[PDB]
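Q: Mind looking over this structure? Questions follow.
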Amino acid sequence: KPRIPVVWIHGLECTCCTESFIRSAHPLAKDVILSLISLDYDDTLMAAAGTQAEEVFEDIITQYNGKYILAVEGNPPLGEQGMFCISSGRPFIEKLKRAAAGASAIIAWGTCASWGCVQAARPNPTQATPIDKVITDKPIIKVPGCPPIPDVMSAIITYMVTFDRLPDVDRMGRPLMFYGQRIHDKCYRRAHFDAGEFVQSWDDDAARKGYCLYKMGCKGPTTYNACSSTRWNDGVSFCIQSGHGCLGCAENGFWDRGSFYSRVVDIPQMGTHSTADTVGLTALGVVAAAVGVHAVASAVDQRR
Amino acid sequence: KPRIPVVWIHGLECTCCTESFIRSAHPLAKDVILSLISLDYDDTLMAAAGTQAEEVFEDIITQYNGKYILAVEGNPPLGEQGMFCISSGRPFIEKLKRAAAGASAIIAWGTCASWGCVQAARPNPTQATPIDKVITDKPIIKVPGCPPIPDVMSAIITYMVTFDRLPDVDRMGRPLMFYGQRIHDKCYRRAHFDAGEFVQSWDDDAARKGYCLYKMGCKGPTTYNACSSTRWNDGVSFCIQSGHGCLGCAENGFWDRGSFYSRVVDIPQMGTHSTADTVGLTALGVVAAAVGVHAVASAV
Amino acid sequence: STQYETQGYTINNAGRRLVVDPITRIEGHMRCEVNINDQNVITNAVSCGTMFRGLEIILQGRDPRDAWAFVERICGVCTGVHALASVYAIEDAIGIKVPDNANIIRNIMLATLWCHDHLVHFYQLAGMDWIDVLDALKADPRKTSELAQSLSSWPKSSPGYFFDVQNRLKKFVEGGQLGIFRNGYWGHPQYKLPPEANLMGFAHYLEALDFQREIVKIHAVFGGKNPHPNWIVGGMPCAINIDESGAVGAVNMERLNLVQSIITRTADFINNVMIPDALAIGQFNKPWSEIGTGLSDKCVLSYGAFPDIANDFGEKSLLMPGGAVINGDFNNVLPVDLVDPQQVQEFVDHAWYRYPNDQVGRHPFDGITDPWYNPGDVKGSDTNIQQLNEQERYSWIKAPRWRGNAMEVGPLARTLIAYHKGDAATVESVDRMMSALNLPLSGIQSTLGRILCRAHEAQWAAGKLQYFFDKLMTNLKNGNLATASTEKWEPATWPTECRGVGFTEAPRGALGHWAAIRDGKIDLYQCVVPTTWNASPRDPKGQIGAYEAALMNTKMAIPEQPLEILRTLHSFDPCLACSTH
Amino acid sequence: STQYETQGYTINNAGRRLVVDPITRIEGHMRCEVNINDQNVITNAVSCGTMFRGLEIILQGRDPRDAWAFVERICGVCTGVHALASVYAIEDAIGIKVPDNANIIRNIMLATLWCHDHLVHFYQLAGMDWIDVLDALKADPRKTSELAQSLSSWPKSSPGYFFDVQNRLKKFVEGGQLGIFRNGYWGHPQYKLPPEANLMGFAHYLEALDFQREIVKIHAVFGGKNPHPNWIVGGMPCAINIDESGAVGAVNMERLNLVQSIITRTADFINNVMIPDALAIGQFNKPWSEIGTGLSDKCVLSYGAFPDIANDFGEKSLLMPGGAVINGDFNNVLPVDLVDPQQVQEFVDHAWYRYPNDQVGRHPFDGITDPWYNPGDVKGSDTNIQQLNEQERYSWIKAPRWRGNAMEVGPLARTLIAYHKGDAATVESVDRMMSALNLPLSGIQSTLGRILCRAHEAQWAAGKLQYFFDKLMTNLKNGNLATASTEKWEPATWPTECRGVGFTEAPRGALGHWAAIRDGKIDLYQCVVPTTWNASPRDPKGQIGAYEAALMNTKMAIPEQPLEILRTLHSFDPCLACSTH
Amino acid sequence: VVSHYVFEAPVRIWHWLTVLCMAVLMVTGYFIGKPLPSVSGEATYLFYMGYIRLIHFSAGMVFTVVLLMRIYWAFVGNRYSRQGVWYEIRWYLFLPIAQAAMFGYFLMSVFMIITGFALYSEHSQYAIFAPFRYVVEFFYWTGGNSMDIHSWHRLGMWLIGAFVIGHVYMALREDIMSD
Ligand code: HEM
Ligand code: SF4
Ligand code: SF4
Ligand code: FCO
Ligand SMILES: [Cl-]
Ligand code: NI
């Protein structure tokens with residue numbers, strides 16, 4: 001009958017993960033909090049501040065020691081003795097370590113907690129390091145993405161509560177359900193990528209027909225998430241559907257893999273129609289010069 | 001300020017199109033009826049029955065002659081003097097003609113009104129014929145699908161009201177927006193297709209990973225709709241996502257194009273069954289024996 | 001004019017003849033004709049189906065695995081039930097047994113169809129028979145608020161809310177474009193709802209027409225789309241993946257979450273909008289518990305439905321019980337058998353079909369769908385029926401009879417069968433419902449009875465949805481994932497010659513598909529649909545169908561305005577394309 | 001302990017020191033410290049941002065077209081505003097000029113952020129300061145119903161509804177797992193809502209936490225996703241196709257329909273749930289129109305936002321007006337210039353940063369983000385701050401000053417600037433709002449004033465949403481479709497060396513991005529964020545920030561329970577990751 | 001255009017090209033319809049169905065252009081130009097007909113081109129291919145979908161195969177009989 005206690009801490013973060021979690025459509029963010037788990041500590045939502053909030057924290061990690069789930073959003077800085085993120089007058093990394101040692105398992109929310117995200121991009125001034133580099137004695141589920149898909153977050157939660165176990169994971173620490181397949185492999189525009197039909201510059205004829213964004217630097221070919229399948233915000237849309245290439249925001253160090261707008265190295269591309277087209281025009285051209293000498297038309301289409 | 005009058009008739013139909021239209025999420029079916037158009041006649045929803053319903057019909061087609069839109073769902077039968085569908089004691093085809101002549105434009109809803117759908121599949125007992133074979137003097141927009149996607153129906157409606165014009169059509173009468181591209185063209189499982197990754201039998205390891213359904217006879221490769229892009233029921237799912245191949249239910253005579261679970265299918269002119277393979281392999285073995293006869297004729 | 005007695009009724013075609021063609025707020029095409037006397041009482045009723053497509057004919061020579069797709073398109077309103085009936089039958093024929101989850105899913109599909117179908121009927125179709133739409137304009141919003149709050153814990157009830165609804169309708173009507181309310185029956189003395197209840201009703205009419213669309217998302221998940229979802233012989237296509245690589249390609253924890261949320265919302269809606277409105281229509285239109293009884297106190301039929309033990313259509317498994325009552329003896333609920341040729345029969349002596357001998361009845365395995373339009377002396381012509389000839393052939397609907405008996409099927413039948421069989425759940429649901437209305441048990445055998453049961457059934461169905469979901473989840477928890485059997489998917493593996501029966505309860509009554517296979521091809525496929533039972537013409541013995549029976553002895557207040565007729569008819573939930581196929 | 005006067009205030013660090021660390025129900029990490037006297041009145045306030053990531057440093061040497069993506073991740077609460085500020089600036093630098101629709105869409109994105117952000121703050125963050133959650137358990141549902149109905153035409157108001165809400169909360173609390181309400185402040189004498197208003201409030205808290213999710217679907221359409229949508233230098237990626245083949249690959253009539261429906265629902269919700277609750281919190285907590293005034297009656301600032309003429313950031317175009325007021329002279333609303341080095345400056349003599357000379361202020365184009373943590377004699381250690389040393393460096397937040405003046409930015413600022421500029425719309429919205437509360441105009445310059453304005457702003461934003469939509473549709477009607485410019489997309493076409501300013505009004509206040517380009521690379525990128533203004537430390541002259549100012553002279557009822565502190569702070573809507581970046 | 005210029009070899013170099021394209025077309029084409037057994041895992045990095053699709057399309061090009069000019073030569077080199085008489089030539093030639101395999105072959109490959117390009121150009125390349133959009137409009141008038149074009153196309157393959165079986169005997173009948 002009692003709900004399972006969850007502690008939710010925040011390090012260096014933009015709060016996009018807590019923002020995402022509450023966007024959940026099924027189950028409702030509301031219903032998760034009132035019926036599925038006992039969200040016992042979360043700086044972003046809780047009533048208690050200051051020495052009252054300090055007191056809830058201590059009371060919860062004490063009374064449910066060994067028994068509670070630790071959600072972490074954002075990451076700890078190591079620079080300047082960890083004081084790039086101060087919590088209750090002390091480095092954040094200390095609150096993390098004390099909460100971690102008392103937890104049974106740890107969810108690492110978003111690219112921040114999983115990998116490092118933006119605060120950890122070149123030159124990484126705060127020396128932000130992911131949770132798996134700081135907490136090495138506990139099970140950690142990495143649910144990456146900047147943010148992860150709300151319904152995926154909630155779905156992961158419901159899996160854990162309903163099935164009373166941790167989701168299956170790849171060698172990386174990511175739940176297999178939503179991170180087992182690349183965006184590029186469930187992309188609704190694959191048909192175009194397969195043909196060799198690409199957007200070449202924004203709002204061109206191609207883009208208007210929803211051709212492939214591969215050449216606008218889409219990084220779906222190397223990004224494991226569920227955006228092309230599950231999609232964002234109650235299945236409304238996702239990066240690619242809305243005309244922009246995948247940034248790869250669920251992938252380790254994606255901020256540093258060149259520009260968002262450039263190709264993508266080492267993904268095999270060979271167009272069905274594009275190549276055949278070139279073969280046809282390349283053969284026509286051979287006969288064109290051999291018998292005629294090229295084509296100066298007059299109608300150019302004629303068929304009406 | 002006044003809303004545009006719409007007359008909605010039904011021939012031989014299953015009513016899947018009127019059911020679909022009301023599933024619309026945006027704008028709401030409700031909001032379409034109360035704000036966007038004046039749905040002045042619809043057998044399935046209206047208060048008036050009998051000689052009251054006859055009276056509304058007559059009154060609306062008279063008072064708005066030349067000015068109203070004619071929605072047609074289902075199709076007219078030609079057999080048994082058209083009495084396979086009786087309306088007010090008279091063949092349906094008469095009600096259609098009399099509503100058509102008074103209309104400014106015609107929306108042929110679903111595969112029934114567009115193509116013929118199920119009632120018109122072999123041996124076609126009622127001789128169901130599509131609207132465009134019976135009404136030849138009016139503009140007809142074909143919005144096929146058994147049914148068409150609810151939000152597509154409504155979207156087409158909103159296009160016509162907001163832009164005050166008929167949607168642009170392929171050389172077949174379908175609005176270009178949603179029927180300009182094939183399902184196979186915007187299939188989320190395309191990656192698997194070209195890869196060579198197919199479901200072989202239902203619920204197999206492949207099927208669980210959501211591989212291509214081509215080999216389970218998916219007809220998406222030859223079916224113009226928007227189900228892979230727009231999707232069904234507030235973008236929840238569609239045939240392929242939910243594990244079944246496209247039947248091609250927006251395409252002309254799709255009921256008669258072989259089995260649904262089959263790639264290489266019934267050529268209806270070749271009769272009973274006889275598929276491309278069947279007839280080809282029949283011919284192949286014919287000439288294979290015609291070779292046997294002239295080789296046995298080598299009297300050297 | 002001729003007169004004869006049948007089933008305790010005196011059928012008399014003398015006196016003024018009234019014609020209701022076309023019947024509206026039903027599925028498909030119906031014509032109704034009656035006779036009234038000096039007291040404006042119906043002494044003759046004529047139930048004609050004015051459409052036919054011929055699915056039975058079309059199906060022949062088709063791959064049995066393609067059949068569900070064809071016959072699903074029998075009806076778009078009861079979309080999916082025919083497919084279910086199909087797969088059921090082909091499996092019965094070949095001898096295929098589906099995996100548990102396949103069943104649990106199929107049952108979800110059906111419970112969903114019940115919830116949706118019943119709701120849409122109650123408001124969009126039947127509602128206006130009882131709710132005087134235009135009278136809402138004379139309602140006080142504050143009292144409408146106070147009323148709705150007294151009947152229901154439903155949140156949407158503010159006096160401001162009913163005021164906006166009223167104003168929007170006032171806006172709608174104000175322009176002279178009544179649309180669907182045009183030339184309606186408003187102000188008929190049989191409209192008995194007070195101003196405030198009319199507004200409360202109409203507001204619920206619109207809320208329902210909004211909410212209905214969400215229920216079918218459950219279909220969209222498993223079936224792929226609604227209307228007209230997808231199925232397979234062997235189980236279900238919608239393979240389930242819960243915690244392996246590529247769960248994005250299957251039914252997964254997120255998808256199941258969607259379903260779950262729709263279940264909760266559907267249950268909540270039915271229980272707090274429809275259910276209270278049903279009881280409230282019962283409250284104010286009370287004398288209708290004695291009008292339109294028809295066959296319901298003589299002969300009722302259920303096949304049974306919702307098999308909880310997978311691939312077990314037996315009594316100890318079907319959550320919705322089967323059985324038949326005849327001659328008003330409800331203490332002896334007889335077992336129904338669909339194979340038995342002396343049980344389900346179809347006479348066509350009054351239908352537009354051709355038999356070798358048209359005086360005998362054919363059991364569906366011997367069925368003959370040979371269309372032959374032939375109305376006879378109709379006083380008009382073949383292309384102009386002014387008045388059907390009920391002495392001869394007069395409908396596209398075949399006349400089915402259980403052991404020669406004329407039956408009523410549907411929600412009311414299901415309830416009496418369930419009740420008198422002793423069903424713990426149903427004895428508590430009916431007794432409290434009738435006690436709430438201060439009406440006796442017999443009050444349920446009526447035009448009002450039919451509406452009340454339908455609403456009860458939606459409540460039941462939505463309850464059952466949650467039950468089925470839970471069942472599915474327990475399997476998933478317990479590592480049971482299989483959704484399809486493929487062992488006998490190949491035709492090479494089917495009996496060279498075989499036959500089977502598919503049966504369930506469609507929202508409108510008892511559905512059966514009889515199918516025969518020969519060399520991988522459909523040899524025969526015959527359909528006996530719920531409305532075929534209810535809207536049935538007469539048979540050789542002159543016995544009348546459920547419809548014509550329920551219309552008899554009904555008092556009409558205004559003869560040219562056939563509300564009393566419409567009320568009685570709609571309460572059965574007519575579905576003509578279903579009945580004719 | 002030392003004492004000095006500043007801005008009409010007497011800053012005194014003698015007397016008991018109170019420490020509120022960590023501040024909750026805000027975005028990111030904040031520490032607040034105060035001093036109280038014998039009368040329990042705040043005589044000193046200390047505003048410390050306890051986080052830093054260093055976006056300005058990271059951005060250096062990246063492609064300016066990649067910048068929006070990096071800086072969007074400054075904040076996930078005000079998600080998207082920083083991207084907008086970015087594109088604006090890179091376009092200002094290169095000299096880009098976007099198509100009309102691109103703007104209309106961007107304005108939509110912002111209005112959407114306003115609607116959503118404000119709503120979530122009013123309920124999820126600030127709400128509990130005013131609504132005694134646990135006191136709802138002592139409310140009578142019938143009176144709670146009667147109250148809600150007196151205030152609003154909102155449909156969800158049945159006595160049954162408030163009863164379920166109460167019961168669900170009673171179930172929640174009954175187990176000893178108060179969760180987020182654990183060790184809260186309930187029963188504090190500053191909670192002034194009656195039982196019934198508390199339940200009405202809490203029911204709205206949940207309804208809001210549900211509805212909020214739907215608003216962002218507008219982002220999902222155009223942006224692709226929310227949080228953190230996508231953008232491009234040159235306009236917007238979300239190409240539009242309405243009537244031509246392949247409209248399935250673009251923003252089409254169906255997609256626009258979705259957006260439309262969200263606009264309607266968002267407007268309706270804000271107007272009937274938030275707006276009434278705001279006024280109602282105003283009604284019962286009335287003496288708060290005189291507590292927490294701060295800088296709001298001395299110095300306020302707006303840059304301006306929502307350019308209606310495309311690529312025209314002038315006064316005649318920005319729908320949300322810009323301007324600054326200093327010394328309480330609101331009759332002379334001064335023009336703001338972001339290029340001018342004698343206007344926007346940033347002093348770091350009290351922040352953990354390093355300057356060549358730390359006594360001067362640097363305009364953003366000369367900005368230096370060199371982190372240098374150095375707290376000094378804090379009576380504890382470097383790794384254990386028991387008490388910050390406000391005499392020296394004490395925050396990760398830079399101190400920005402407009403012309404040396406300490407400013408307040410945000411909803412209240414925007415309103416006074418808009419009002420005193422003569423804005424026809426704003427003079428009618430404020431005058432009626434204050435007249436409804438029987439409070440004078442000056443009542444708006446307060447902690448309560450701040451909440452009221454925010455609510456008014458959401459109302460405004462949702463109205464403007466519909467406006468922007470319509471504008472976009474009129475273009476589509478008129479064959480105008482272009483969504484992006486691509487002439488200067490190539491780096492080969494950019495000036496070898498150039499700089500630009502991006503500016504708008506984020507939900508919290510005035511936002512500016514100053515960017516410098518050299519050889520297709522970011523040379524410099526500096527950010528001055530709304531909360532950086534508000535939560536600002538002191539400067540060389542010892543002047544205090546908007547926060548520390550609003551906390552001064554505030555009476556505390558219980559010192560160990562800092563509700564009065566939280567109330568004042570939350571009303572500014574703190575966003576610390578924004579303030580620090 | 002990616003390449004330019006060759007010159008031209010002897011004419012039999014263009015026969016061999018056909019037969020090769022022909023064979024390649026048939027194999028690949030067969031497996032478009034009845035695809036090989038499914039492969040497994042990580043779609044990004046594999047693309048089998050697509051190559052047997054790509055080779056087919058481009059083999060088609062080389063084939064079509066080789067045949068268009070193979071014909072262009074045949075009837076300009078003929079000088080026979082540049083119903084009544086076709087029912088009088090079959091009535092004194094009944095009173096060795098493998099020249100009706102030249103006509104059959106010719107027409108079959110032409111038929112294949114038309115059907116195939118109706119299918120290939122239907123992602124409307126809009127370029128020169130508009131004529132082939134009548135072919136689709138035809139098959140709809142016929143009774144049904146673009147699906148039929150597949151069915152009929154495939155039928156062409158088998159029928160073409162029949163002419164090969166009828167050729168390679170007729171060939172190896174005289175190649176063996178070398179008296
Ligand atoms: C005599 C030479 C040819 C042969 C033997 C051949 C054979 C085939 C076969 C057997 C199919 C499978 C259709 C099915 O079973 O559904 C096919 C498909 C196809 N063929 Fe050909 N064909 C030939 C010529 C051409 C030409 C000249 C083109 C022009 C580009 C072409 C383009 C296509 C296309 C576009 C498809 C459908 C591919 C898909 O579904 O993605 N074919 N061909
Ligand atoms: S847009 Fe990206 S994920 Fe989609 S098909 Fe093109 S390359 Fe693959
Ligand atoms: S399932 Fe059908 S439409 Fe989808 S990729 Fe496979 S063949 Fe194409
Ligand atoms: N319900 C339903 Fe349709 C009917 N009658 C079926 O079966
Ligand atoms: Cl899952
Ligand atoms: Ni922010």
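Chain lettering (A, B, ...) mirrors the order of the structure tokens, residue numbering begins at 1 for each chain separately, and ligand numbering begins at 1 in order of display.
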If we count only C-alpha atoms and set the cut-off at 7 Å, which residues sit around residue B:74, ignoring sequence neighbours fewer than 2 positions away in its own chain? Please answer as a CSV table (one decimal) with N, CA, C and O atoms, in the first residue's frame.

A:
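Ended up saving to selection.csv:
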```
chain,number,residue,atom,x,y,z
B,10,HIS,N,-26.0,9.2,-48.0
B,10,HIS,CA,-25.4,7.9,-47.8
B,10,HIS,C,-26.0,6.9,-48.8
B,10,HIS,O,-27.2,6.8,-49.0
B,11,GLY,N,-25.1,6.2,-49.6
B,11,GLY,CA,-25.6,5.2,-50.5
B,11,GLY,C,-25.4,3.8,-49.8
B,11,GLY,O,-25.7,3.7,-48.6
B,12,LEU,N,-25.0,2.8,-50.6
B,12,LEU,CA,-24.6,1.6,-50.0
B,12,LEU,C,-23.3,1.9,-49.3
B,12,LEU,O,-22.3,2.3,-50.0
B,13,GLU,N,-23.3,1.7,-48.0
B,13,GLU,CA,-22.2,2.1,-47.1
B,13,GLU,C,-22.1,1.3,-45.9
B,13,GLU,O,-23.1,0.6,-45.5
B,72,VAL,N,-20.8,13.0,-50.2
B,72,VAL,CA,-21.4,11.6,-50.4
B,72,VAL,C,-20.5,10.5,-49.8
B,72,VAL,O,-19.3,10.5,-50.0
B,112,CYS,N,-15.5,3.9,-50.8
B,112,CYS,CA,-16.8,3.7,-51.4
B,112,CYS,C,-17.2,4.7,-52.5
B,112,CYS,O,-17.4,4.3,-53.6
B,113,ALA,N,-17.3,5.9,-52.1
B,113,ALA,CA,-17.7,7.0,-53.0
B,113,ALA,C,-16.6,7.3,-54.1
B,113,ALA,O,-16.9,7.7,-55.2
```

Q: Show me which residues sit within 6 Å of ligand 5 when counting only C-alpha atoms and all ligand atoms, and put them as a list in words.

A: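 Sorted by chain and then by number, the residues are residues 177 of chain A; 242, 243, 247, 252, 253 and 254 of chain C.
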
Q: If you keep N, CA and C atoms, can you produce a file of those selected residues as a short mmCIF file (atom, residue, chain, number, x, y, z; two decimals), in the first residue's frame?

A:
```cif
data_model
loop_
_atom_site.label_atom_id
_atom_site.label_comp_id
_atom_site.auth_asym_id
_atom_site.auth_seq_id
_atom_site.Cartn_x
_atom_site.Cartn_y
_atom_site.Cartn_z
N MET A 177 14.75 -0.75 -23.95
CA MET A 177 13.48 -0.38 -24.59
C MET A 177 13.56 0.81 -25.55
N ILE C 242 8.73 -5.35 -24.32
CA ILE C 242 8.70 -4.58 -23.08
C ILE C 242 10.05 -4.15 -22.52
N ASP C 243 11.08 -4.97 -22.64
CA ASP C 243 12.40 -4.54 -22.16
C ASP C 243 13.52 -5.23 -22.90
N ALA C 247 12.04 -2.13 -28.57
CA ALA C 247 10.69 -2.12 -28.03
C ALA C 247 9.95 -0.96 -28.65
N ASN C 252 4.80 -1.46 -26.19
CA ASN C 252 5.72 -1.28 -25.11
C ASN C 252 5.10 -0.55 -23.92
N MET C 253 5.91 -0.41 -22.87
CA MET C 253 5.47 0.15 -21.60
C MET C 253 4.77 1.49 -21.78
N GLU C 254 5.25 2.29 -22.73
CA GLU C 254 4.62 3.58 -23.05
C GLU C 254 3.24 3.42 -23.71
#
```

Q: Residues within 12 Å of stretch 356-358 of chain D, please, as number ranges by chain. Count only C-alpha atoms; anything in the same chain fewer than 3 positions from it doesn't count.

A: D: 346-353, 361-362, 366-370, 392-393, 398-399, 539-540

Q: Just the selected residues (N, CA, C and O atoms), exported as a CSV table (one decimal), in the first residue's frame, please.

A:
```csv
chain,number,residue,atom,x,y,z
D,346,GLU,N,28.4,45.6,-16.1
D,346,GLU,CA,28.5,44.5,-15.1
D,346,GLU,C,29.7,44.6,-14.2
D,346,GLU,O,30.8,44.4,-14.6
D,347,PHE,N,29.4,44.9,-12.9
D,347,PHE,CA,30.4,45.0,-11.9
D,347,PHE,C,30.6,43.6,-11.2
D,347,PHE,O,29.6,42.9,-11.0
D,348,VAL,N,31.8,43.2,-10.9
D,348,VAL,CA,32.0,41.9,-10.2
D,348,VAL,C,32.8,42.0,-8.9
D,348,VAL,O,33.4,41.0,-8.5
D,349,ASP,N,32.8,43.2,-8.3
D,349,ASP,CA,33.5,43.4,-7.1
D,349,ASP,C,32.9,42.6,-5.9
D,349,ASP,O,33.5,42.5,-4.9
D,350,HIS,N,31.7,42.1,-6.1
D,350,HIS,CA,31.1,41.3,-5.1
D,350,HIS,C,30.7,39.9,-5.6
D,350,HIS,O,30.0,39.1,-4.9
D,351,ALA,N,31.1,39.6,-6.8
D,351,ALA,CA,30.9,38.3,-7.4
D,351,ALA,C,32.2,37.5,-7.6
D,351,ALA,O,33.3,38.1,-7.6
D,352,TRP,N,32.1,36.2,-7.7
D,352,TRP,CA,33.3,35.3,-7.8
D,352,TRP,C,34.0,35.3,-9.2
D,352,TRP,O,34.2,34.3,-9.7
D,353,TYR,N,34.3,36.5,-9.7
D,353,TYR,CA,34.9,36.7,-11.0
D,353,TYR,C,36.1,37.6,-10.9
D,353,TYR,O,36.3,38.2,-9.9
D,361,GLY,N,32.8,49.1,-14.1
D,361,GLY,CA,31.8,48.2,-14.7
D,361,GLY,C,32.1,48.0,-16.2
D,361,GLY,O,32.5,48.9,-16.9
D,362,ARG,N,31.9,46.7,-16.7
D,362,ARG,CA,32.2,46.4,-18.1
D,362,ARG,C,30.9,46.2,-18.8
D,362,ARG,O,30.0,45.4,-18.4
D,366,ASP,N,32.6,44.3,-23.8
D,366,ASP,CA,33.9,44.2,-23.1
D,366,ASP,C,33.9,43.2,-22.0
D,366,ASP,O,34.8,43.1,-21.2
D,367,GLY,N,32.8,42.3,-22.0
D,367,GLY,CA,32.6,41.4,-20.9
D,367,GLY,C,33.8,40.5,-20.7
D,367,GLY,O,34.5,40.1,-21.6
D,368,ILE,N,34.0,40.1,-19.4
D,368,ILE,CA,35.0,39.1,-19.1
D,368,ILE,C,34.4,38.0,-18.1
D,368,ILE,O,34.0,38.4,-17.0
D,369,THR,N,34.2,36.8,-18.6
D,369,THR,CA,33.8,35.7,-17.7
D,369,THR,C,35.1,34.9,-17.3
D,369,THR,O,35.4,33.9,-18.0
D,370,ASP,N,35.7,35.3,-16.3
D,370,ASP,CA,36.8,34.6,-15.7
D,370,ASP,C,36.4,34.2,-14.3
D,370,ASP,O,36.4,35.0,-13.4
D,392,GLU,N,32.6,41.4,1.1
D,392,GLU,CA,33.4,41.1,-0.1
D,392,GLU,C,32.7,40.2,-1.1
D,392,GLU,O,31.5,40.5,-1.4
D,393,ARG,N,33.3,39.2,-1.7
D,393,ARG,CA,32.7,38.4,-2.8
D,393,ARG,C,31.9,37.3,-2.3
D,393,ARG,O,32.3,36.5,-1.4
D,398,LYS,N,27.0,37.9,-11.5
D,398,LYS,CA,27.5,39.2,-11.8
D,398,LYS,C,26.5,40.3,-11.5
D,398,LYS,O,25.3,40.0,-11.5
D,399,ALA,N,26.9,41.5,-11.1
D,399,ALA,CA,26.1,42.6,-10.8
D,399,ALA,C,25.9,43.6,-12.0
D,399,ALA,O,26.8,44.5,-12.2
D,539,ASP,N,27.4,46.4,-5.7
D,539,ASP,CA,28.4,47.0,-6.5
D,539,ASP,C,29.4,47.8,-5.7
D,539,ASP,O,29.3,47.9,-4.5
D,540,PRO,N,30.4,48.5,-6.4
D,540,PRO,CA,31.4,49.3,-5.7
D,540,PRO,C,30.7,50.3,-4.7
D,540,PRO,O,31.2,50.4,-3.6
```

Q: How close does chain D get to ligand 6? List, as a tab-separated table, each residue of chain D within 9 Å, its nearest atom pair and the distance in Å to one decimal, counting only C-alpha atoms and all ligand atoms.

A:
```
residue	atom	partner	partner_atom_place_in_ligand_line	distance
D:27	CA	ligand 6	1 (Ni)	6.8
D:28	CA	ligand 6	1 (Ni)	8.7
D:74	CA	ligand 6	1 (Ni)	7.1
D:75	CA	ligand 6	1 (Ni)	4.4
D:76	CA	ligand 6	1 (Ni)	6.4
D:77	CA	ligand 6	1 (Ni)	5.0
D:78	CA	ligand 6	1 (Ni)	4.1
D:79	CA	ligand 6	1 (Ni)	6.8
D:81	CA	ligand 6	1 (Ni)	8.4
D:82	CA	ligand 6	1 (Ni)	8.7
D:506	CA	ligand 6	1 (Ni)	8.2
D:507	CA	ligand 6	1 (Ni)	8.3
D:508	CA	ligand 6	1 (Ni)	7.7
D:529	CA	ligand 6	1 (Ni)	8.5
D:530	CA	ligand 6	1 (Ni)	8.5
D:531	CA	ligand 6	1 (Ni)	8.0
D:574	CA	ligand 6	1 (Ni)	8.1
D:575	CA	ligand 6	1 (Ni)	4.8
D:576	CA	ligand 6	1 (Ni)	7.0
D:577	CA	ligand 6	1 (Ni)	6.4
D:578	CA	ligand 6	1 (Ni)	4.4
D:579	CA	ligand 6	1 (Ni)	7.6
```

Q: Counting only C-alpha atoms, which residues from chain E have an atom at most 9 Å from any atom of chain B, and could you show them as a PyMOL selection string?

A: chain E and resi 33-51+53+123+133+137+140+143-148+150-159+161-163+165-166+169-170+173+177
